[PDB]
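> got an experimental structure here, sequence first:
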Amino acid sequence: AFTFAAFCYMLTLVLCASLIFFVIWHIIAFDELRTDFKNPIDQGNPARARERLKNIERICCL
Amino acid sequence: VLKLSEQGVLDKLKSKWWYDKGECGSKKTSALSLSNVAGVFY
């Protein structure tokens, strides 16, 4: 029957979706980082270098 | 009969044929239980 442990399990079940969301966000951000890294890292254009650096910083902050 | 009663034989037979062969078992708080308010948590 309903008890303290069952309620704990329900609440953890609801809160584990958040952890799944967080890890999915992690892997998406790291896939973007890989797309930036494995792709040529030439920074000849100052604007391109600044944009890439700010993207990296933004993802790290996130 | 009296000797058996003092020796406890009759009580043992009583327990055996009434309880040690019963289909059922052998044998409190007014505080609200979690079953009363389960729907709230659900």
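Arrived safely, thanks for sending. Residues are numbered from 1 along each chain as shown, chains lettered A, B, ... in the order given.
> how many residues are close by residue A:59?
14 (other CB atoms under 10 Å in any protein chain shown). For every residue, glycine as well, the C-beta is placed using N, CA and C.
> which helices and strands sit right next to the helix or strand where it lies?
Assigned by DSSP states H and E, residue A:59 belongs to helix A:46-61. If you count contacts as 3 or more CB pairs under 8 Å, 6 or more residues apart in numbering or on different chains; DSSP states H and E, helix A:46-61 packs onto helix A:4-38.
> got phi/psi on the residue lying closest to residue B:19 once chain neighbours are set aside?
Leaving out its chain neighbours, the residue that sits closest to residue B:19 by CB to CB, 6 or more residues apart in numbering or on different chains is residue B:26, at 6.4 Å. Main-chain dihedrals, residue B:26, degrees, to the nearest 10: phi -100, psi -40.
> can you tell me the centre-most residue of chain A?
Compute the mean C-alpha point of chain A, and by CA atoms, centre = their mean the closest residue is residue A:26, 2.4 Å away.
> how much space separates it from residue A:17?
Distance of residue A:26 to residue A:17, computed by CB to CB, to the nearest Å: 15 Å.
> alright, that wraps it up for me.
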